[PDB]
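Next comes just one chain, in structure tokens: the form deposited in one PDB entry.
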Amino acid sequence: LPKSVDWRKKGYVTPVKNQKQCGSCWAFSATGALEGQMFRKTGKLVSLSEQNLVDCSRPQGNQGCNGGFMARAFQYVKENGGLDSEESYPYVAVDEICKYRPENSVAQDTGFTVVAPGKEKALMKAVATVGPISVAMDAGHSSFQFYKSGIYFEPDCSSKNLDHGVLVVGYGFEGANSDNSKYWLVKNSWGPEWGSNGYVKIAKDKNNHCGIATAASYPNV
């Protein structure tokens, strides 16, 4: 595998979005992964509708602004037979009634693939050969809220108790040593003003730091 990967450089990633005052992180992680996979198959990067996921995936177990799972979002897309674009189904950061319109569907999946739980080597393989991967992490510490640059490392992070869904768009390392200061390049959904232009580097190969590889998955297009 390459020593460094950054799918943003290949056009697989849309601009950083902002979930605002709604616990829809899972929806942004899901659309991010689907945007990358749809790009692989069509060569077109189209911003997808998180609102569509928020309003419509309750039957699959999601609770809109009150939390959800990327896996169940992918299941919704499969069962629903499609997902609308952001332009046609705008984000309003509140739970509303499903308004999915088939004519505006621009993405689909037939299910999803789960990365071996807790295996950072497996996650690395997926990121390198598949594209952006949806992941869950423990981002509940104040250190994460205040992240600005460098490699994020929180001694109190849990690899089991996760509370935030984000997107791994690559990996690499700082300094000159390819085997040191390694990190996962993560796209957050708190706007471009947060962290490093909306992104955060999470310590990689540091015993599955913050559970980055505990619940990773990607939609099958």
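Just count from 1 along the sequence shown to find any residue number.
Note that the form deposited with a partner chain bound isn't included here; everything after this is about it.
Annotated contact segment (heavy atom within 4.5 Å of its partner chain in the deposited bound form): 145-153, selected among 119-127, 96-104, 76-84, 145-153. When contacts are judged by a 4.5 Å heavy atom cut-off, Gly36 does not count as touching its partner chain in the deposited bound form. Using a 4.5 angstroms threshold between heavy atoms, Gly195 counts as touching its partner chain in the deposited bound form.
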